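Below: one structure, written as structure tokens.
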Amino acid sequence: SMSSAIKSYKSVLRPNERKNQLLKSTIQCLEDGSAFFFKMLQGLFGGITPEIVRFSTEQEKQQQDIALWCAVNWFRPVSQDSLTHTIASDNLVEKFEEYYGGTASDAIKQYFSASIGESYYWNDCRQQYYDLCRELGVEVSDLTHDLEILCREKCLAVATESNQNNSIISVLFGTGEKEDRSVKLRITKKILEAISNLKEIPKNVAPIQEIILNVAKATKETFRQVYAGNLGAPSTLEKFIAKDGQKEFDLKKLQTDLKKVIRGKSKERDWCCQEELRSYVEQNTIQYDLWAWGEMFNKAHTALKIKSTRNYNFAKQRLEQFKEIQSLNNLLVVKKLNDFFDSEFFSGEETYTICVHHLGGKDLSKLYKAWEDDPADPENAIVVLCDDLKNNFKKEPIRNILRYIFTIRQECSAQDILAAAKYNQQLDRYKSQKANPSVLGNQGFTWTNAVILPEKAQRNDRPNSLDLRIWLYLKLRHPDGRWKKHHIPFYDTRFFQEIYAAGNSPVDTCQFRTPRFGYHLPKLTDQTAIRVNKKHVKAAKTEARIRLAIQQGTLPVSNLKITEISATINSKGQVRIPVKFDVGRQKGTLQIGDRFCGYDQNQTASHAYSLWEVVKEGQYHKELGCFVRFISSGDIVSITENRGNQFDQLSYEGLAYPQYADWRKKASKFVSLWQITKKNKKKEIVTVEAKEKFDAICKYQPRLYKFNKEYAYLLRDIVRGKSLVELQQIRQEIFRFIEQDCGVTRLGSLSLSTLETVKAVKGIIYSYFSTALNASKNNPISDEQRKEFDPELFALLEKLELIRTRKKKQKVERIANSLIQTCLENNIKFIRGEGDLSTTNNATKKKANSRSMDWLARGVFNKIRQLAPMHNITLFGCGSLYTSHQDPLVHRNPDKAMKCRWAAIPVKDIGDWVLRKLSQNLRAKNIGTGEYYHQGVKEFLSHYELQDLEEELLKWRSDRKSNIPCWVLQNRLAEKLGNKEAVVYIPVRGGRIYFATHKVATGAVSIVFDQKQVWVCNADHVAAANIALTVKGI
RNA sequence: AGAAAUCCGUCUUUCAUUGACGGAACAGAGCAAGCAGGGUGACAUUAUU
DNA sequence: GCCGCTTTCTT
DNA sequence: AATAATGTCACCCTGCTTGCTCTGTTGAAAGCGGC
DNA sequence: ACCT
Ligand SMILES: [Mg+2]
Ligand SMILES: [Mg+2]
Ligand SMILES: [Mg+2]
């Protein structure tokens, strides 16, 4: 079938005063009718029955909890604006049972027992339904009968059966002739009859078309008139009659569609309360208008259905969580675990929830073993495990909690202790968990056929200024209630460029006139002569280029064949323009010649991509079950130029050290004048001269943006113990750093490091405000106070955060663009990406969590997911586990194959940290990836013939005076490699080098290491290859 | 149908009226975390009496 | 053919 | 032993800040009468 | 496990 995607444009409307008033009144009208339908539909959904739900969910393959669907429609947490019949949560269960005829299910119990925010209140929508029946002056059974018709006609969304657009307005309040349903039902039933018992199932549809025409007593030219009275969109049966006749016949499918029609049309639409309901709606809104009532209904109905569905799923989830909690609730082990706070191993003012990560997690087991194996030295076992654990990502255990656990290890096993910690976390999260309130929301309203078509646009073009206006033609409601259409303009140079400007190209047709869709605008020259206001130049430039393209006759004509464009408008005048377009036919599974890629997301280094082809002959891959060939690997990059020099906006690290001496000098003059205040001995004040820290920062010659982050921290430290006078002087320095020369307000790339730098600068200003206003636990400060004290610098807080927000949005867009453009250029139809990456969690260090917040792994994946189907490129998510260590084309071909990662360190640069890592890795044989790094250390010693060192290398702990020095390893390696500048391969986690069996990374070179031929590859390119080769779902 | 308008943004000790460039959007609810001060509380290294 | 309205469509 | 420097780790608070998921929307396709 |  033909796949499609959606692009869109967003601007603000510019109506004159009179039309602005009309638009304001029309939107207010639509909004008030929306609130009315919201309350009325809340009432009507309060009125559904178990048997309506049963009928709507009946063909569902998984059985639905009908009682729970009833519940999520009968009782809703709601806002004060729709609260009509307050119910205490106490009574929820009881009242539900009264309505349901039986005991409330456990999932329903979880839904009722869940928390709600303070501005929300439980509302009994079934009582609201009864009172609505009274207001309408109809019997309850009558309105319920009409509700059954509505839910059968798909006019309302019930459970898993979605609504049929806005059809409710036409079906219930429409003024026109309707279908002859009995005719369609008879014809459909006999057609299913006739095709039920065929003694020869034809391969083509011609005999079946014969049968249908004979039953319907019509010809191919009269079937529509006979069957549907020439009314409505063509049915499946009409289009079956329309088919060629040599086309193949799917008997199963025709029977399925005919059964659908018999099921949906067996009961007629005989309303009981139609005219009451129409009078009610019209009195509470405006005189009947299909479009306007449709918009009101759409807003209200969407708002209600999304929350009912979410609460259904949430209640099921909550029941599962509750059963998991009550399962591992070992009363005694939990109680003694928490008795840690009531024991003298804790002297804190307050307690806190004990979690798995506070215990070391699984490794608590190991610790118990130590205690079994060497009692009466428990402190050393604790210290050894803690040192072995320490990870730059995971949060370290609480030493006293482990100390107290030793006390009770005879009574409480390791597994029961970790079960108890898991129970603590799960119960806490279960208790704060909140049900979802039904609220109208602030969605806008859509006018259909609102944009004047580009080829019909009124254009007041000048020789040097194209008419840049796009006009909507909208029906608006006047004070007398009359609807009239008015022209309202808006500007969008991107919508102008991509679609709306009048193309004149003799030979070119494209979908969107922008580079990623294959079109580039002409270059501006010395003849361009742009003379506009300063605040329009960029827009002017785009206009100029389009003008040039029209003058050259090279502006492509849009091939989208747009016949109507709709516009969605809100109360603030903003307009949204959706454009749907076809992207090609749906792809089949991998053929030979199909190309696919994978991408690896990195933080400090570039995202990597790896490009592969399915081949007829070549290297076989089991998991793909095909032959594959490596095309190429690379770094994801987004270059822009400054007078010929290139910059990767994604990775640029700013000026090298020697190139910003002046800037550094200025910072230097400041720090020589100041000192850091510190008072954590007693209340006595300790002074250190800031230059000490500044020299330390400048010692290892960082590049510009790292330097700026480090200097931001320094400034914050300088600001900490000062007085107001001092702060006034310091305020002058803070402004110079932020605003001039190399400050984040003029320089900084889209790199993660730059975002962290801007965050550190915000930290400076935050510390300024905290110290100035004497902040404390008993004296919290607010934004009101901060703004009153120093409005300008408080404004800089928001400005810096907006800078970060804009950087991050632009960055996500640019990463997706670079990868998609790589795919288009290398004819890639499939992308694999890690859909698995961590966001943030209590078990992770706050520094790593903050970095991950600025990393935006999920956002990047979502953006690639958004852009890929716009070029018929499929994106698959895959689990990220072990993708950095698998050996490409060897792992799962046929067996599991993994290796450590390596770094290329010059021998002179081999410091005590290398020994730390080497020692740790060697004495680190364990489950998971440690085994591969222990193996890598083994191979390292073998290759460099340093095995004699292994022994003492294993006794290496940090700070031991009898540790082997760096000069030892450096001198052996320089003995063997000849000099001090030759590289040494070291196994280190996160290293950028992978020793691959195969040449699976562009630019790899083969060496022999530990008597093994192996390709020295970029580790992230290896990871991208691993991701590309994965087939398993996430 | 009313000549005005950066649609929204990015890079650069380069800030550009011919510099180089990028983007489907929107609503509500929910969840997860971060920071600046301030408190608590454990450990570890130095360097001494 | 267009506009503005109706209806049904099982995608 | 014991004091005090400097660093690590964690746990809490007030009042702000952020990213991510969920469940949805931005209709399709035909005829009619009046232009 | 990703992430260094
Ligand atoms: Mg990865
Ligand atoms: Mg700038
Ligand atoms: Mg990687």
Side-chain angles (χ1 to χ4, degrees), chain A residues 6-11 16 165 170 174 176 178-179 230-236 257 260-261 264 298 302-303 306-307 309-310 347-350 352 392-393 396 398-400 434 436-437 439 441-444 446 458 460 468-469 471 487 489 491-495 524-526 528 530-532 535-540 566 568 576 578 603-604 640-643 647 649 655 660 663 741-742 747 749-750 763 766-767 770-771 775-776 780 782-783 801 806 809-810 813-814 817 834 836-841 846 849-850 852-853 855-856 858-859 866 880-884 959 989-990:
Chain A
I6 291 162
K7 260 164 67 61
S8 62
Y9 305 91
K10 202 193 160 180
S11 191
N16 57 19
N165 300 277
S170 182
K178 309 293 179 170
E179 80 181 3
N230 212 24
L231 172 62
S235 58
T236 52
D257 297 327
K260 272 163 195 145
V261 171
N298 187 283
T302 307
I306 63 172
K307 299 286 182 27
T309 300
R310 181 61 212 132
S347 63
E349 332 173 5
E350 60 214 308
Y352 56 75
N392 268 319
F393 300 94
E396 287 168 32
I398 313 293
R399 199 186 260 247
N400 283 23
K434 285 210 279 159
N436 295 105
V439 169
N442 303 305
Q443 190 56 282
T446 299
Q458 202 170 94
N460 191 264
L468 289 181
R469 290 168 298 197
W471 293 84
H487 289 96
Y491 299 79
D492 188 327
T493 45
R494 174 191 198 200
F495 184 63
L524 292 188
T525 71
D526 65 354
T528 294
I530 281 165
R531 308 288 190 263
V532 299
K535 64 185 204 164
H536 296 140
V537 172
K538 307 188 79 189
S566 47
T568 302
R576 301 188 279 130
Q603 287 182 347
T604 54
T640 53
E641 291 185 16
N642 278 257
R643 295 184 181 175
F647 294 90
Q649 290 190 26
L655 299 158
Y660 62 89
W663 172 252
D741 302 341
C742 312
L747 269 191
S749 71
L750 304 184
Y766 279 131
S767 196
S770 293
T771 71
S776 83
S782 58
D783 273 349
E801 201 50 37
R806 285 176 182 190
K809 177 179 182 168
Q810 173 88 195
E813 286 154 353
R814 279 190 178 268
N817 164 82
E834 302 150 301
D836 203 5
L837 306 165
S838 297
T839 54
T840 55
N841 63 8
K846 62 192 192 319
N849 264 348
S850 178
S852 170
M853 296 176 65
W855 188 28
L856 315 162
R858 305 286 186 89
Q866 186 188 61
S880 73
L881 70 163
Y882 296 110
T883 56
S884 294
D959 291 294
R989 312 225 190 220

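Lettering follows sequence order; numbering is per chain, from 1. When reading the values below, keep in mind they use all heavy atoms of this one structure, side chains included, and skip hydrogens, waters and symmetry mates.
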Among [options], the one nearest [X] by side-chain distance:
X: A:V532; options: C:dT8, E:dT4, B:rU17; answer: B:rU17
X: A:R310; options: E:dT4, D:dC22, B:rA3; answer: D:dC22
X: A:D959; options: B:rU45, B:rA24, B:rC26; answer: B:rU45

Less than 4.5 Å apart, side chain to side chain, heavy atoms only: is that true for [X] and [Y]?
X: A:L747; Y: A:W663; result: no
X: A:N298; Y: A:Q443; result: no
X: A:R858; Y: A:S852; result: no

With a 3.5 Å cut-off and heavy atoms only, can you find an N or O donor on one side and an acceptor on the other between the side chain of [X] and the base of [N]?
X: A:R814; N: B:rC21; result: yes
X: A:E350; N: D:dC12; result: no
X: A:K538; N: B:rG9; result: yes
X: A:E813; N: B:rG23; result: no
X: A:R576; N: B:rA25; result: yes
X: A:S767; N: B:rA36; result: no
X: A:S838; N: E:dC2; result: yes
X: A:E349; N: B:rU40; result: no

Give a yes/no on whether any side-chain N or O of [X] is located under 4.0 angstrom from OP1 or OP2 of [N].
X: A:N817; N: B:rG23; answer: yes
X: A:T604; N: E:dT4; answer: yes
X: A:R806; N: B:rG9; answer: yes
X: A:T883; N: E:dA1; answer: no
X: A:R469; N: B:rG2; answer: no
X: A:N442; N: B:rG28; answer: yes
X: A:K10; N: B:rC26; answer: yes
X: A:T493; N: B:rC7; answer: yes

Heavy-atom closest pair, residues [X] and [Y]:
X: A:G444; Y: A:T568; answer: C-CG2, 3.8 Å
X: A:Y9; Y: A:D492; answer: CB-OD2, 3.8 Å
X: A:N849; Y: A:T839; answer: OD1-O, 4.1 Å

For the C1' atoms, the ones on B:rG23 and on B:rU6, what distance do you get once it is rounded to whole angstrom?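 Going atom to atom, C1' in each nucleotide, I get 16 Å.
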Rounded interatomic separation in angstrom, taking [atom1] from [X] and [atom2] from [N]:
X: A:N298; N: B:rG28; atom1: CG; atom2: P; answer: 16 Å
X: A:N400; N: B:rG41; atom1: CG; atom2: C1'; answer: 8 Å
X: A:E801; N: B:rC35; atom1: CD; atom2: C1'; answer: 10 Å
X: A:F647; N: B:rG22; atom1: CZ; atom2: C1'; answer: 18 Å
X: A:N165; N: C:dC9; atom1: CG; atom2: P; answer: 14 Å
X: A:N642; N: B:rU10; atom1: CG; atom2: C1'; answer: 12 Å
X: A:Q866; N: B:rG23; atom1: CD; atom2: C1'; answer: 8 Å
X: A:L837; N: D:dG19; atom1: CG; atom2: P; answer: 17 Å

How about B:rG23 and B:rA24: do their bases stack, with centres under 5.5 Å and planes under 30 degrees? no
So is [N] sitting in a Watson-Crick or G-U wobble pair with [M], both distances under 3.5 Å?
N: B:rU13; M: B:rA36; answer: no
N: B:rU40; M: B:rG9; answer: no
N: B:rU12; M: B:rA16; answer: yes

Has A:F393 got its ring stacked on E:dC3, by the test of a centre gap below 5.5 Å and a plane angle below 30°? yes
Categorize A:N436 for me: base, sugar-phosphate, or nothing, with a 4.0 angstrom heavy-atom threshold over every strand shown.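 Sugar-phosphate contact only.
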Start at the 5' end of DNA chain E and walk down; is the nucleotide closest to A:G990 or to A:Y882 reached first?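 In this pair, the answer is A:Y882.
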